Amino acid sequence: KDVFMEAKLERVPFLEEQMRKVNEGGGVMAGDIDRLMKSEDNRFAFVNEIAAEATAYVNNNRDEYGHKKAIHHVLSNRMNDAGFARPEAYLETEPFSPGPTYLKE
Amino acid sequence: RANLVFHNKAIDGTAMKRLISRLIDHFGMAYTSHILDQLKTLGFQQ
Amino acid sequence: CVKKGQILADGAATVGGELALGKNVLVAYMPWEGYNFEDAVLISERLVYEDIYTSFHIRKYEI
Amino acid sequence: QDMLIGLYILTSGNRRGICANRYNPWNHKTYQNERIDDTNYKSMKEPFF
């Protein structure tokens, strides 16, 4: 009955380039941290819980961390239990790199 | 298609501050951080 | 020939009989891409391969 | 400063009145005037994107 069903639902195109610059700028982690903190009452308790969980992660499986940044590991673990694929430890790759190092602007 | 206002005037200094405050209260400090990056790039281009 | 008191030799940053502490360079005032934000300058490669701004610094280590 | 100037120039609009037309648009003329509406029809107007 209300004639706005599709005028407010038409898919915005040209979004593919405004999907990537989020991913190397750390935007996905920044937008995931707040969604994890959307239900917490005291942020300091949440931070302390994250730090303790990361300390446990470092203790149980020591000989893996140094690259994986176990804090990123626990954040990805918490974000991966409600959908939100979030690749392991938010690890970044170089799909097109026949070289050792990017210039990084 | 978002919930925004189509500006049709001059966005001066005091209008930019008002717009950022309203985008913060309506979306949060996680969505606004990406807006500010985009507006910085578009502002520098023009 | 030279009279008394006339110049015989130049010196550091003293081309001619005049002081010269810099160089004349083409300049355009415009905001390029934000790389000249606040008080930033955006020079070209022509200033590094023509030795436009190139100086010798001598350090003295005493033991 | 710089981003603000960019955004201001972007959202500055057209030239409203006498700064966009030298002569008044009342100016009863250029109607392609005759007894019928079958004349030259340019009507540049503005684009209709």
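Residues numbered from 1 in each chain as written, not as in the entry; some residues may be left out. Chains lettered and ligands numbered in written order. Part of a larger assembly, values for the part shown. Heavy atoms only, no water.

Structure determination for this PDB entry is given in the record as cryo-EM, at a resolution of 3.16 Å.

Novice: Looking at this model, I keep getting lost on the overall build of chain A. Mind explaining?
Specialist: On a plain count of helices and strands, chain A comes out with 4 helices and 0 strands. Ordered by position in the sequence, the α and β elements of chain A form the string α-α-α-α. Taken over C-alpha atoms, the radius of gyration comes to 19 Å for chain A, far larger than the 13 Å a tight globule of 105 residues would show. The C-alpha extent of chain A, read off along each of the three principal axes, is 60 × 45 × 25 Å. Long-range pairs, those at least 24 residues apart, make up 36% of the contacts in chain A between residues at least 6 apart in sequence. Entry remark: accessible area of chain A is about 9,000 Å², with carbon and sulfur atoms responsible for 57%. (Helix = DSSP H or I, 4+ residues; strand = E, 2+ residues; numbered from the N terminus. Rg over C-alpha atoms; globule rule 2.2 N^0.38 Å. Contact = heavy atoms within 4.5 Å. Areas by Shrake-Rupley, 256 points an atom, 1.4 Å probe, with all protein chains shown as cover.)

Novice: What should I look at first to understand unusual backbone geometry in this one?
Specialist: Both trends apply: most residues other than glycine have a negative phi, and most peptide bonds are in trans. Residue and element names in this part refer to chain A. The phi dihedral of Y90 is positive, around 55 degrees, even though this residue is not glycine. Residue position: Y90 is located in the segment after α4 (70–79). Its relative accessible area of 15% is what places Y90 among the buried residues. (Buried < 20%, exposed > 50% of the residue type's maximum accessible area, 1.4 Å probe, protein only.)

Novice: Is there a simple way to think about the side chain of A:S76 in this case?
Specialist: Residue and element names in this part refer to chain A. Within the secondary structure, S76 is located in helix α4. Within polar-contact distance, the side chain of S76 engages the backbone oxygen of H72 at 2.8 Å. Setting aside residues no more than four positions away along its own chain, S76 makes contact with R86, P87, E88, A89 and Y90. (Polar contact = N/O pair within 3.5 Å; in protein donor to acceptor, adjacent residues only side chain to side chain.)

Novice: Sorry if this is basic, but what is going on with a nonpolar patch on the surface here?
Specialist: All names here are of chain C. A surface patch of nonpolar side chains, about 490 Å² in accessible area, is lined by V25, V27, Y29 and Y53. Along the chain, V27 turns up in the segment before α1 (46–49). According to the relative accessible area criterion, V27 is exposed, its value standing at 55%. (Patch = residues over 30% accessible without salt bridge, like charges linked within 9 Å, V, L, I, M, F, W, Y side chains within 5 Å. Salt bridge = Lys/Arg side-chain N within 4 Å of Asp/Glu carboxyl O.)

Novice: Hey, could you run me through the interface of chain B and chain D in this one?
Specialist: Think of interface size as the accessible area that goes away when the parts come together; that is how it is often given. Every contact between the two is made by 12 residues of chain B and, on the other side, 10 residues of chain D. Carbon and sulfur atoms supply 78% of the area buried between chain B and chain D, which totals about 960 Å² over both sides. Taken together, the connections running from chain B to chain D amount to 0 salt bridges. At the junction of chain B with chain D, the criterion picks out 1 residue pair in polar contact. Residue assignment for the side of chain B that touches chain D shows that the elements contributing at least two residues are α1 (13–27) and α2 (31–45) of chain B. (Buried area = accessible area lost by both parts, 1.4 Å probe.)

Novice: Looking at this structure, I do not really get the layout of surface pockets. What am I missing?
Specialist: To find the voids left in a structure, one rolls a probe of water-molecule size over its atoms. All names here are of chain A. Looking at the second largest pocket, its volume works out to about 890 Å³. Along its surface, the second largest pocket is lined by 23 residues, and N23, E24, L91, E92 and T93 are the ones closest to its centre. Those elements that provide at least two residues to the lining of the second largest pocket are α1 (17–24) and α2 (27–36). (1 Å grid on protein atoms, 1.4 Å probe; cavity = no way out; pocket = protein on both sides within 12 Å on 5 of 7 lines; lining within 4 Å. Points joined across faces, edges and corners; volume = space filled by probe spheres on them.)

Novice: Any chance you could explain the packing of α2(A) against α4(A) here in plain terms?
Specialist: Each packed pair of helices is defined by two parameters, the angle between the axes and the distance between the axes. Residues and elements named next belong to chain A. Viewed as axis vectors pointing N to C, α2 and α4 meet at an angle of 65 degrees, and their least axial separation amounts to 11 Å. You can see that α2 and α4 cross each other, and the crossing is left-handed. Residues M29, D32, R35 and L36 of α2 lie in contact with α4, whose contacting residues are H72, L75, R78 and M79. Residues of the contact of α2 with α4, tallied by class, amount to 4 nonpolar, 1 polar and 3 charged. (Axes fitted to C-alpha atoms, helices over the stretch in contact; angles between N-to-C directions. Left-handed = near helix turned anticlockwise from the far one by under 90°. Nonpolar A, V, L, I, M, F, W, Y, C, P; charged D, E, K, R; others polar.)

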